[PDB]
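See below for the structure under consideration.
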Amino acid sequence: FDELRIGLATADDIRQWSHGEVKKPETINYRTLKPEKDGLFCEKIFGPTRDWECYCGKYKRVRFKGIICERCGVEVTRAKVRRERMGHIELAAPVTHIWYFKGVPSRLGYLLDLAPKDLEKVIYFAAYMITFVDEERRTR
Amino acid sequence: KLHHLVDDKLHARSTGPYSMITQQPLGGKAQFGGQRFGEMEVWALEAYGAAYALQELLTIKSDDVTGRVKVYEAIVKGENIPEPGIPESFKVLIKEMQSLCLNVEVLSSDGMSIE
Amino acid sequence: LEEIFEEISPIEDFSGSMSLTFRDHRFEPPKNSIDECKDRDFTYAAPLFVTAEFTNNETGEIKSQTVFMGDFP
Amino acid sequence: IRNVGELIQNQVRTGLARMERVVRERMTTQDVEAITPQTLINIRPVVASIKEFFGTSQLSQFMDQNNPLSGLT
Amino acid sequence: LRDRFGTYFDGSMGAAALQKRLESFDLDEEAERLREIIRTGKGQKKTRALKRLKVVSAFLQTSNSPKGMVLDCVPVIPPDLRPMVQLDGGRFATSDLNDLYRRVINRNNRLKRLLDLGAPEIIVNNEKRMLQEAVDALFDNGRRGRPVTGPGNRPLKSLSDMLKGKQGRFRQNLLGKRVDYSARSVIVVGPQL
Amino acid sequence: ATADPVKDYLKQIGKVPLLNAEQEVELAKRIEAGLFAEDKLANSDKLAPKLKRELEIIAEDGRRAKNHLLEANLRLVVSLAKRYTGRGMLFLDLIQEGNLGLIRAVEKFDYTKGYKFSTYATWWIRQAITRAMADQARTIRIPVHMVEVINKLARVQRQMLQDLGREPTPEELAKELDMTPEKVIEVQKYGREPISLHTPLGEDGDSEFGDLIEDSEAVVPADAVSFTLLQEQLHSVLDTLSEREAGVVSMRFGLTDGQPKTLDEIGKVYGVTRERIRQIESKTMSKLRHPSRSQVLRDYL
Ligand SMILES: [Zn+2]
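Protein chains in written order, with the entry's author numbering: chain A, 7 to 146; chain B, 1017 to 1131; chain C, 74 to 146; chain D, 364 to 436; chain E, 244 to 436; chain F, 210 to 510.
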């Protein structure tokens, strides 16, 4: 503990943090009460709900820890790992971080010299932009 | 005779239930809850210069999952109290701020740090 | 209760053909005695009825029937 | 001061307004000669509002029976 | 503008346009021109150029690129930190983050499905706007217009809301914590002590 | 771009030409014309370029007609979504799902039916809206068959309450759907909703519901230290016994490793038979059962 460096989290960094990808909104099946596959709470991405106990029934013991069963993919380990591991969601279309915009001009910064009304009308799909022009080609 | 009887107010706690989202002790009398060490309490302890009492009152006595079992074991076995670890609420904070797209990296002077 | 019932005028559709009249409201004795409700965890309530009259100009007929809206604490 | 009567009356009023909206929707989505007062009126809003008042509301306060004076006050 | 002439100007809408702009944004020339403006300038325009220089230089000196403004992948809180704990009585107890993540995942899935099949520009644009609103509500619910009320009784908790205020993490679970080995009781006077 | 995005969506619908009969039958005619054009284009047989471009043009015109019909009925779906609002799904989300259902209906609609589009659409709009309501409204996802079972039970129960004027008994309820009371109880319990942790506790600001419930995973320090003392006492008592006896009993009960080894599995690394090991294990059990090495272990249970 010497310095808590902080900064913008690029897409590559968030991918590196993630141990998988979240593809469904499922949380838990209404009958077995167990986390679903590839949704929220999934053990294949976050961790085993019980200590060293996988999902499909294959491994229930502490002896053979640190292994990945090919059936459900849950990596047997302590249940505490669920508190540490985190996932990510891949958006089909990019979006903007609400924090940096919609605020004072020390965080937004006028990095693009456009009024806040313009951004509000552009990022929420109410007006177009000219991202680039071949002005030299037009003049030629 | 008022209803502010001492029997209702008397509460005590060696160690009891703990909260879930954050591993600190939960409050109340019905659930064996530790008293809160507010912001002004830590200010007052800083005014004395007592850093070690603060360090145990923030780490050993709450918010550190690995430390509580160890300190109970050491007290019972008579061994000296072990070194406190990092707290859990700080880990929760860094994990949360990592979830706002802020790559909060804990680094050492000589490259990466050991935790 | 009767004032709030009368405040609600009979509903008229876009054609204005039909109407419902809530004329009179009435009570019945509560089924559970106060000690009984206290002991067995029941809300001390009584039934409240009201007479709803169905009238349509197209049909030119009036149909009356009592309805019950639930227990009233 | 909104005495207990007026508070309960306001809750009954909003419940009956929801009932009126629901029955108006039903008339808009119902055929003539199959409409009777029994079937059309839905009693869920009135009961669910008069029950959502006496529970989960600031004015419907837990009695303190510390002594008769506490009850009166 | 598109039909009468093309292959000359490139246009877009939404956060994609901003990402394209920041990708090709050249902050060095902007900093140089703003320095020139600061050298010879007057009025509140000077203050605006000052703020623009502050942020542009802060981005220039730092190695991190400006494209971090437009996130592409939304991180997800670890499940234990947003617990769906079993509760006695067959009921359940959930954090509002569960609902917010569900909303963004649902909208992302529908966006994907709309892109798979040939769909109109209006519906897909509105769907992308819904995704934007969902992500914004996830990070900060209540920062634009009405909040995502969820059940309707109260606004939902948000990732930033958990990190802010009297009840936030900073002032309620890091500076002031509960503690074991403690007690409380009324006090009486003892003069013989 | 404003708050309450549904208003901006409504303005985005704007003013579009509503379709009378001949208008939409002509639109469907050119829709199928473009469909046949793109079908012909899809064939591998060579078509000279000008006719292929003409086919593509009519296909594009059919796509424009498609878009016209979609924007024409956007209004229809908004009313239909309003018909289903207030059930745990945001109104604009229901509107988008209705848009998906309308896209399906248009892709499956044609003038071969002697009826207006508005009549054929609403079935598929309601289909999509109800499917999405079943599959996305509840935090704990409920399968569609289970959703219909629970909603049927709910509505028939409301009907019974309406007729009898009282809460129906579970048995009268059971006979109504024709299922057993057990299924009634299961369906009643499966139809609940989670309560948010981040809710007022009842006081002004005494935190929220997420700091009044204790967890179960937290290692109780008392139990942990008691178990460690048990481990130490058990190891010492085993050390009191002979080396081979302690080793074989520990293997038989995994005091060194979480997996105990059954008898013949002990009889491989030690070089003794499956039965010799059995007898010495029995003697170890008898010796441990002696009152000598039992007073200390009795208190630990
Ligand atoms: Zn498995």
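Built from N, CA and C at the ideal position, the CB exists for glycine as well.
query = Which bits of chain B does A/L120 rub up against, with CB to CB less than 8 Å?
reply = From the beta-carbon of A/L120, no residue of chain B is found nearer than 8 Å; the closest lies around 22 Å away.
ask   = D/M382 lies in the alpha helix (DSSP H); which residues open and close that run?
value = From DSSP, the alpha helix (DSSP H) with D/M382 extends over 367-391.
task = Hey, could you find the ends of the beta strand (DSSP E) F/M494 is sitting in?
result = Counting along the chain, F/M494 falls outside any beta strand (DSSP E), though it belongs to the alpha helix (DSSP H) covering 485-497.
ask   = Closer than 7 Å: is that where the CB of A/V80 sits relative to any heavy atom of ligand 1?
value = Look at A/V80: its beta carbon is less than 7 Å from one of the heavy atoms in ligand 1.
inquiry  = Let me check you understand the geometry: is the CB of A/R56 closer than 7 Å to at least one non-hydrogen atom of ligand 1?
reply    = False, no ligand heavy atom lies under 7 Å from that Cβ.
task = Check distances from the C-beta atoms of the stretch 391-423 of chain F to those of chain B and list, in chain order, the residues that come in under 9 Å.
result = For chain B, the residues of the stretch 391-423 of chain F that bring a beta carbon within less than 9 Å of one of its beta carbons are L406, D415, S416, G419, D420, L421, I422, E423, in chain order.
query = Is the CB of F/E235 under 8 Å away from at least one CB in chain A?
reply = Judged by the 8 Å Cβ criterion, F/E235 is not in contact with chain A.
ask   = Below 8 Å, can you find three or more Cβ-Cβ pairs linking the stretch 93-102 of chain A to the stretch 307-316 of chain E?
value = Enough Cβ pairs lie closer than 8 Å, so yes.
task = Flag B/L1070 as yes if its beta-carbon sits less than 8 Å from any beta-carbon of chain A, otherwise no.
result = It does not; no Cβ of chain A falls within 8 Å.
ask   = Does F/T294 get closer than 8 Å to chain E when you measure Cβ to Cβ?
value = Under the Cβ distance rule, F/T294 does not count among the residues neighbouring chain E, no pair being separated by less than 8 Å.
ask   = Is DSSP giving C/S82 helix, strand or coil here?
value = In the three-state DSSP reduction, C/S82 falls in the coil class, being neither helix nor strand.
task = Please confirm whether any heavy atom of ligand 1 lies closer than 7 Å to the CB of A/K64.
result = The answer is yes for A/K64.
query = Which residue or residues does DSSP assign as beta-bridge partners of F/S405?
reply = Its beta-bridge partners are E/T337.
Check whether E/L418 and B/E1055 have beta carbons under 8 Å apart = Result yes, Cβ atoms of E/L418 and B/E1055 sit closer than 8 Å.
query = If we ignore side chains and look at the alpha-carbon of each, how far apart do E/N349 and F/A210 end up?
reply = So the two alpha carbons sit approximately 23 Å from each other.
query = What three-state label does DSSP hand A/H25 in the structure shown?
reply = Three-state result, A/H25: coil.
Contacts that D/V367 makes with chain G (C-beta to C-beta distance below 9 Å) = Of the protein chains in the structure, A, B, C, D, E and F, none is chain G.
query = Which two residues bound the contiguous alpha helix (DSSP H) that contains F/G476?
reply = Annotation: the continuous alpha helix (DSSP H) that includes F/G476 extends over 472-478.
message = Please report the straight-line C-alpha distance between E/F248 and F/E265, rounded to a whole angstrom.
response = Roughly 21 Å separates the two Cα atoms.
key: Identity of the residues DSSP links to E/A426 by a beta bridge   = For E/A426, which the question treats as bridged, DSSP gives the partners B/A1028.
request  = State the Cα-Cα distance for the pair F/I304 and E/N341, rounded to the nearest angstrom.
outcome  = Inter-residue distance for F/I304 and E/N341 is about 23 Å (C-alpha atoms, whole angstroms).
query = Which term fits F/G243, buried or exposed, when burial requires 16 or more other beta carbons within 10 angstroms of its beta carbon?
reply = The residue in question, F/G243, is buried, as its Cβ has 16 or more Cβ neighbours within 10 Å.
task = Please say whether F/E241 and F/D319 have beta carbons closer to each other than 8 Å?
result = For the 8 Å CB-CB criterion, F/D319 and F/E241 form a contact.
task = Taking only the alpha-carbon atoms, compute the straight-line gap between F/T321 and F/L236 and give it to the nearest angstrom.
result = Each residue's Cα considered, the two are about 13 Å apart.
task = Give me the Cβ distance between B/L1116 and E/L402, rounded to the nearest whole Å; I'm assuming they're in contact under 8 Å.
result = Yes, they are in contact, since the Cβ atoms of B/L1116 and E/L402 sit about 6 Å apart, within 8 Å.
ask   = When we look at the beta-carbon of A/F47 and count the other beta-carbons within 10 Å, is it buried (16 or more) or exposed?
value = A/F47 comes out buried.
inquiry  = Under 7 Å: does the beta carbon of A/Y61 sit that close to some heavy atom of ligand 1?
reply    = Result yes, Cβ under 7 Å from ligand 1.
inquiry  = Relative to the C-alpha of E/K263, which candidate in E/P326, E/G361, E/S425, E/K310 has its C-alpha closest?
reply    = Closest by alpha carbon: E/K310.
Nearest neighbour of C/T139, chosen from C/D114, C/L121, C/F145, C/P146 [CA to CA] = Nearest C-alpha to C/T139: C/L121.
ask   = What separation, rounded to the nearest whole angstrom, lies between the Cα atoms of D/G434 and D/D427?
value = Cα to Cα, the separation comes out at about 6 Å.
ask   = For the stretch 407-422 of chain E, which residues have a CB atom closer than 9 Å to at least one CB atom of chain A, in sequence order?
value = For the stretch 407-422 of chain E, which is checked against every Cβ of chain A, not one residue is closer than 9 Å.
query = For the alpha helix (DSSP H) that contains E/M373, what are its first and last residues?
reply = For E/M373, the enclosing alpha helix (DSSP H) covers residues 364-382.
message = For a contact defined as C-beta to C-beta under 8 Å, what are the partners of F/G374 on chain C?
response = Chain order gives the chain C residues near F/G374 as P120, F141, where near means a beta carbon separation below 8 Å.
request  = Examine chain E for any beta-carbon lying closer than 8 Å to the beta-carbon of F/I312, and answer yes or no.
outcome  = For F/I312, the answer is yes, since a Cβ of chain E falls inside 8 Å of its Cβ.
ask   = E/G361 to F/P214, Cα distance in whole Å?
value = Their Cα atoms are separated by approximately 24 Å.
request  = May I ask you to report which of helix, strand or coil DSSP gives B/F1048?
outcome  = Note: B/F1048 maps to coil in three-state DSSP.
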